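Undergrad: Before we start, here is the structure in question, set down as structure tokens.
Number of protein chains: 2
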Amino acid sequence: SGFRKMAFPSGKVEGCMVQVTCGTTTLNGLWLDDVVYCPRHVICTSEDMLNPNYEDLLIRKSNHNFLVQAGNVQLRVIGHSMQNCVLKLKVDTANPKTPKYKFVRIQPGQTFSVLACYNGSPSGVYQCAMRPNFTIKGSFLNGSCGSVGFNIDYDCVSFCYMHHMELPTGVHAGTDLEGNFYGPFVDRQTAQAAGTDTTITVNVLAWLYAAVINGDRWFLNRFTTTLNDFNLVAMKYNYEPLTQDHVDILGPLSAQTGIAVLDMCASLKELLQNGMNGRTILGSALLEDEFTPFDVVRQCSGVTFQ
Amino acid sequence: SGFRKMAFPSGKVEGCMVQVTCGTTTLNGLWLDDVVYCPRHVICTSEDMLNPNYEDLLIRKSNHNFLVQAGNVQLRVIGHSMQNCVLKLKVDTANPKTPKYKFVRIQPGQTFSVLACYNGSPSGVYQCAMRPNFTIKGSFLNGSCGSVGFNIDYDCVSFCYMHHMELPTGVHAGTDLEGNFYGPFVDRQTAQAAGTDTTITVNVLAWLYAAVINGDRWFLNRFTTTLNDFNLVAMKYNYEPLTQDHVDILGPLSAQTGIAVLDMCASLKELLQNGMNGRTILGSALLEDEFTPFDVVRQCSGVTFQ
């Protein structure tokens, strides 16, 4: 009885998107109060991003070279600063639709919503997790840089991601809103590996609890095991280790279903070594790891937030 | 290189949601211009929805018994009418954030975004298809009735669904915005089957083209076949028949990939009779049918709408 991947309402973020052009070359920015945030890649053409010295490139661009347009109206840029990999453009007008907001740096395994935007206009909204190798697996095509990822706590928006790069392997990399990349990546076009993309174990377990809360539980066995026993099977299949913190976090879901966390681990261990054998769980032929335990809590009794 | 299930931006719809209470019993309504639309189930308690005579129940409720609250502010109800399975509440205030909009009735295989709302507050947004048996497979918990489904054509919102019912099997049923149920379902709690949930063939094919546009095409064989040949394998696996209209609609995707529509049918026929054998396509272990060809066009060159 049903449990969709779904994103936060995006209205509060739509009201913050603008178009930023430098060298008539265009991408997205985020307008909060009287500051516009965008990737510092705006000042680059090519070669530049083949070998960019951002400090020297920024030397003789100036305030008037940054063209910021919002809705259909032009913002006046009255200053600018580079902080890590983002440019801050001070404008002389506060965004009168600025929401309550915070800037967070999140953590692999964390989920968030992305509002994919093209030259300042939002076109789609969807969910992802931050992967354990510090990439995300998004849908970003040309002009999408500067699109942001966000969470919400009923009223206030938690901005956690800004899109900068697509690696040659097709996965995506970006920064927090202070301009620091997640993981080892840089805003240049050379060579840079993503490491192993391990499965986020605690999220899979939360999703299995969701599946039970809706009655799709052929996979419930009876076996139990221990943390160490389970983790020894986890390395095998490049699942992230599970620890007590993650057991603790799953507590409310065990409380409600009556299924002990380590018993659910035992079903997962059996599934990893047996494979669905043609069955599905909640409409999926594989084990989904893009739901956190709190995501499940927002649905897993379908009662989000107050 | 990446292709997410993603919904339309929902901001234009968030601005239209209100809370409607009758018999201090509460659900969601849609406020456009000076009319609020909601399920006529608002006038029911239980028994009532066990055996509801809506005409007789509506007799001695009145304008003042309909409590409409939006934001934190109270709307004055100055009239009401029942049209099929929806109630229209005339209020004395136009919604000053009414978007451009149309009311459409869609067609099995059609996709749309749902803004799932709880006592007037939106909590999540996600995509679905209308199934060929006239159900959708949503995520709707208590108080969710009256949440709506919508498309967009750059500026104007196409409202196509209002949520009314969860069947005993766990799937969902509702109406268009004129109050006519999709399929055979009624707003009462007795017995009512959903028929066969066939797979939407033309959508699967569009998604296979998407997979190629991003390079995940081990499944490309070389076989071809005919419409009739393919459909004879389609019945087998309760896929919807494919016809010329659907071939026509896939034309732009064949044009760009160089893969003839019937050649792609031949890969699909091979996949249905061989199974992935442990492989994935675009992160899925099964064949996804919740993308239309035009959905793919909105991404499949990542260039939505103008």
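Chains as they are written, first to last, in the authors' numbering: chain A, 1 to 306; chain A', 1 to 306. A prime marks a further copy of an entry chain.
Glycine included, each C-beta is placed from N, C-alpha and C at the ideal position.
1. For a contact defined as C-beta to C-beta under 8 Å, what are the partners of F8/A' on chain A?
2. Quick check: what's the CA-CA separation for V202/A' versus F294/A'?
3. Is the CB-CB distance between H164/A and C145/A below 8 Å?
4. Tell me where the alpha helix (DSSP H) around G11/A' begins and ends.
5. Is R279/A buried or exposed, if buried means 16 or more other CB atoms sit within 10 Å of its CB?
6. Determine whether the Cβ of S158/A' lies closer than 8 Å to any Cβ atom of chain A.
7. Does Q19/A' get closer than 8 Å to chain A when you measure Cβ to Cβ?
8. Residues of the region 137-153 of chain A' in Cβ contact with chain A at a cutoff of 8 Å, in chain order, please.
9. Any beta-carbon of chain A' closer than 8 Å to the one on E14/A?
10. Name the one or two DSSP bridge partners that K88/A' has.
11. Is any beta-carbon of chain A found at less than 8 Å from that of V296/A'?
12. Exposed or buried, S62/A', counting other C-beta atoms within 10 Å across all chains shown (16 or more means buried)?
13. Would you mind giving the Cβ-Cβ distance between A116/A and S147/A, rounded to the nearest angstrom? I have them listed as a contact below 8 Å.
14. Strictly under 8 Å for the Cβ-Cβ distance: is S1/A' near chain A by that measure?
15. Return the CA-CA distance between residue 308/A' and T257/A, expressed in angstroms with no decimal places.
16. Taking the straight line between their C-alpha atoms, what separation do you get for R105/A' and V86/A'?
17. Residues of the region 257-290 of chain A' in Cβ contact with chain A at a cutoff of 9 Å, in chain order, please.
18. Is there a C-beta anywhere in chain A that falls below 8 Å from the one on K88/A'?
19. Which of the three DSSP states, helix, strand or coil, is assigned to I213/A'?
20. Quick one: which chain A' residues come within Cβ less than 8 Å of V303/A?
21. When burial is assigned at 16 or more other CB atoms within 10 Å of the CB, is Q83/A buried or exposed?
22. Quick one: what does DSSP say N28/A' is sitting in, helix, strand or coil?
23. Note the first and the last residue of the continuous alpha helix (DSSP H) segment covering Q244/A'.
24. On the CB-based measure, 16 or more other CB atoms within 10 Å of its CB, does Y154/A' come out buried or exposed?
25. In this structure, does DSSP put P293/A' in helix, strand or coil?
26. Does the Cβ of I43/A' have 16 or more other Cβ atoms within 10 Å, making it buried, or fewer, making it exposed?
27. Measuring alpha carbon to alpha carbon, tell me which residue in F140/A, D216/A, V20/A is nearest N72/A.
28. For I106/A, which three-state DSSP category applies?
29. Can you pull the chain A' neighbours of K236/A, defined as C-beta to C-beta under 7 Å?
30. Answer with yes or no whether the minimum CB distance from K97/A' to chain A is below 8 Å.
31. Please name the residue, chosen from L262/A', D48/A', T243/A', that lies closest to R222/A' on a Cα-to-Cα basis.
32. Let me confirm a value: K236/A is counted as buried when at least 16 other C-beta atoms fall within 10 Å, else exposed. Which label applies?
33. If we count the other Cβ atoms within 10 Å of its Cβ and call it buried at 16 or more, is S81/A buried or exposed?
34. Strictly by DSSP, which residues pair up with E166/A?
35. Taking the alpha carbon of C300/A' as the reference point, which residue from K102/A', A210/A', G11/A', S46/A' has its own alpha carbon closest?
36. Grab me the residues of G15/A's own chain with a C-beta within less than 6 Å of its C-beta, minus the 5 sequence neighbours each way, in chain order.
TA: Quick look at the numbers:
1. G124, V125
2. Each residue's alpha carbon lies about 11 Å from the other.
3. yes
4. Under the DSSP assignment, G11/A' falls in the alpha helix (DSSP H) whose first and last residues are 11-14.
5. exposed
6. no
7. no
8. Taking 8 Å as the Cβ-Cβ cut-off against chain A, the residues of the region 137-153 of chain A' that qualify are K137, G138, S139, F140, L141, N142, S144.
9. yes
10. Paired residues: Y37/A', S81/A'.
11. Not an interface residue.
12. That one is exposed.
13. About 5 Å separates the two Cβ atoms, so the contact holds.
14. yes
15. Given a span of 1 to 306 for chain A' in the structure shown, any question on residue 308/A' remains unanswerable.
16. 15 Å
17. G275, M276, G278, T280, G283, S284, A285, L286
18. no
19. helix
20. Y118, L141, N142
21. exposed
22. strand
23. 244-249
24. exposed
25. helix
26. buried
27. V20/A
28. coil
29. For the C-beta of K236/A, not a single chain A' residue is nearer than 7 Å; the gap to the nearest is close to 16 Å.
30. no
31. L262/A'
32. exposed
33. Exposed.
34. Note: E166/A is bridge-paired with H172/A in the DSSP secondary-structure output.
35. Each of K102/A', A210/A', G11/A', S46/A' was checked against the Cα of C300/A', and the nearest Cα belongs to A210/A'.
36. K97
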